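First come two forms of one protein chain, each written alone as structure tokens, so that there is a structure 1 and a structure 2.
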Structure 1
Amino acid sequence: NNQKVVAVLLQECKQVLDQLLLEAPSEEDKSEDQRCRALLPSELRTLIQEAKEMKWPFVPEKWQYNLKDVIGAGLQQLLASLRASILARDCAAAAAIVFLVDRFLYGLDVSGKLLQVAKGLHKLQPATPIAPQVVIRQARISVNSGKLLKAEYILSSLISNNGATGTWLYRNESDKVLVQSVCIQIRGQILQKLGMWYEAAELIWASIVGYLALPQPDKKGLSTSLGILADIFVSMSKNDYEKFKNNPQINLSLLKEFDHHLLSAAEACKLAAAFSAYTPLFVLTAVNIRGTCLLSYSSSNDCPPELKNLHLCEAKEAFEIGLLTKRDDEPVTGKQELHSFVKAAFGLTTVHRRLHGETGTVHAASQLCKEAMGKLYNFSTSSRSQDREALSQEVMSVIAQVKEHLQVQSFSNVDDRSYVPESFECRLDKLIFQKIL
């Protein structure tokens, strides 16, 4: 399940497709396909049949209205079944498996090989439906590689055409609106990459409106759009924010309640964390950004002195929330998550330095943060699974020591599954599409 072996297996699948492209259509092939599609768990088989039936433009997530775990568990078997269905010429099942593994493999940063095998499948049988999610993935990688015009072409095609793509068949209008909202969000990201902060914020607001128009709001999409909007608010100049604040078509509570782009960004981070309350990594990322926004605001000449400490305490809470996303002896595996934990630890230490001077506890926490940083670099440099597990353990031990030193106490949320205080979900309710298109 390492990026490299999976990339090699996907290259092998695509080479098998190139081979079949030159040949004519064995019972051994369909026997192998049935065997590989029966070796897998029934949940994965149900997901495969639902994807082949096009019941959704995207694969659902628990808590959107685990998936990552069940996909990562049967990734080897799912790719084996993919290449088996490829030999059998059932391009529909292969496309369904592609749809099922697309998000996870984007996480592994090998979407290119997967899109290659997808285009090979389309070549073998052009009538095979391919999920809007995979086309949007192509647009995403085009954005990431800097082919902004190609990405915009794809996104505007999917938007103007009410989500229509290839031979895909929708089952309701809400799914079309959802696809349109995701595409508008990615267009906002395109403008953000160019630094067109105002227009980017406009498109992100349009995506938020689209998400809220669904019968069940897409909480994951909402968290995403609000995090992007926080980044945009951070990047904006005072004039961009003044202009985006006085726009009548933009009815956002965080705008008419805060008069500074950094405070608005911090509020938007709080909202994004709330919208992903059951996914601790997104909570940690959003609250790290919130603490950074507050550290910058409280240190600026625009912060009334009377309020400085208060905003620092807000930062405090922010970083504390991040540090509370994990417990002692709870394993961390990602490089991004380990980095974010060191970030939160140092942000809390810095808040304590800004509130209390050069105290002994602040100094001890700074030393612990430097030790964790060393371990984190050695983690990002190691290439063995046991070496990286021990390093993650040492980093998280240092993080727990910093939590102890700085006296981080848990919060109690009635929802025992939420990683954010109730003061975030509180704001969630009062956040505020066809005309926008």
Structure 2
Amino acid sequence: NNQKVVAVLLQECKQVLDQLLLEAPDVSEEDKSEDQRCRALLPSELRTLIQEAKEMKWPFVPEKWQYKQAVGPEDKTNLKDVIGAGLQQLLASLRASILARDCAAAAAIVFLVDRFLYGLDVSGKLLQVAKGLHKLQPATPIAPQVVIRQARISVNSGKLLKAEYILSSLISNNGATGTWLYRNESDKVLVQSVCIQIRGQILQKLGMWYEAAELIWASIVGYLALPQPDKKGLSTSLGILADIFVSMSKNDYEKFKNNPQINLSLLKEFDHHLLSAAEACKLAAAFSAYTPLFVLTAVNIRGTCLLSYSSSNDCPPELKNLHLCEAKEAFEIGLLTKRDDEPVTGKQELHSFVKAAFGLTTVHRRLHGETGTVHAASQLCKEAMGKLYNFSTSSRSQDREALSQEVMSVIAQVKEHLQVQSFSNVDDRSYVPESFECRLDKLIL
């Protein structure tokens, strides 16, 4: 599960597809047998997911908690774990399906690993494999999630018009793409809603804060328009909306707030853009209570907003301590997203943990001045930042594992020196306090 290894394997798959383009179809019984074998040795859950993806059951691979309201223990997991555990074998089955010229199945595996590989910043090579599949057998259906993935890397690269042709093609034509078949009409609205969200991100990249916020609101409406509302998308859009609220000026936020078409409770309940942002982050963390990373990012932004507002001249002195305590709670939740000592992978998650440490130390400095524990916690924070940037710059996998473990050890030490106490929740699988009520009805007035 390394970027370089996976990237090289995807390159090999692409080379195989090119060679098959030069060769005439002659699938040997060995090829078919190794295809069936490689798929059969995968765990049952992944075989089911592969068959469902191949059958075009959904345009996105869903999470068990994403569409269910009456959630339970079997729903409170994330596919990152099962996919990450069988990634090597999923790629072996991908190569095997390519050699068997079963491009529909190979595309199904591409669909399955798409999200995890985006986390590894290797979506380009994966999309090269998809293009080779389409070159061999043009009728091979490609999931809208993968097309949108192309849009995503194009936005991340600054190719805004290129991404916008993809997004606009999906939006203006009811999500139609290639030879993909929707089983119901609502999945089209879902694809449209993700594309509209990405339009919001494009306008955010351009600093058109008001219109970006409007598009994000539209994506929220679309997520609510589904038979089962998309809680994951709502969490994402609430976070993006929070960042936009932070970047907005006060006149931007006032113009957005005075638009009656936008029936957001937080828009009419708060008058300061940082407080609206903090509330939007609270809701975003509530809506992804079983995915600790997004809870951590959301509460990080929340704590930053409350820290910034508490020091503002717009904050009444009676509430300064209350908002500082709210920021303290937020950063505490963020640090509590990691329990006991499980490894932490990814520069983003690590960076978010150090961000939570800096936030909590800053809040303590605001509450108790320059105490000794603020100095010790500050030293631990700077150490964690040093090992963090060493991690980000290192190319040796073992150094990255070691620096990650050390950085998390430091994080645990700031947790001890600052007395972060676990919160009470009747849902031991949830990463948010009960105060963070997951209520979709309160989003709307």
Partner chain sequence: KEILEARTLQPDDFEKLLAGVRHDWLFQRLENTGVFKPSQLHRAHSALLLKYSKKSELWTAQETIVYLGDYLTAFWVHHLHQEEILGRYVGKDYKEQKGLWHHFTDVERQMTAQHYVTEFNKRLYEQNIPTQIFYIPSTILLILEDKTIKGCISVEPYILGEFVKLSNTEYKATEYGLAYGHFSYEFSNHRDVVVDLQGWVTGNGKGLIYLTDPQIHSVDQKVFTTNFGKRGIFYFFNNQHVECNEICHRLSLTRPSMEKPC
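If you superpose the two forms and keep the largest set of C-alpha atoms that fall within 1.5 Å, you have the rigid core. Here, a residue number simply tells you its place in the sequence of structure 1, counted from 1.
In this comparison, the chain shown as structure 1 is the form deposited with the partner chain bound. Once both forms are overlaid on the rigid core, the distance between the two CA positions of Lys55 between structure 1 and structure 2 is under 2 angstroms. Core-superposed comparison between structure 1 and structure 2: the CA of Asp240 stays below a 2 Å shift. Once the cores line up, the CA of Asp328 ends up 2 angstroms or more apart between structure 1 and structure 2.
On rigid-core superposition between structure 1 and structure 2, the C-alpha of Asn378 is found to move 4.6 angstrom. In the core-superposed comparison between structure 1 and structure 2, the CA atom of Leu222 travels 0.4 Å. Summarising the core-aligned comparison between structure 1 and structure 2, the C-alpha atom of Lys343 is found to shift 2.1 Å.
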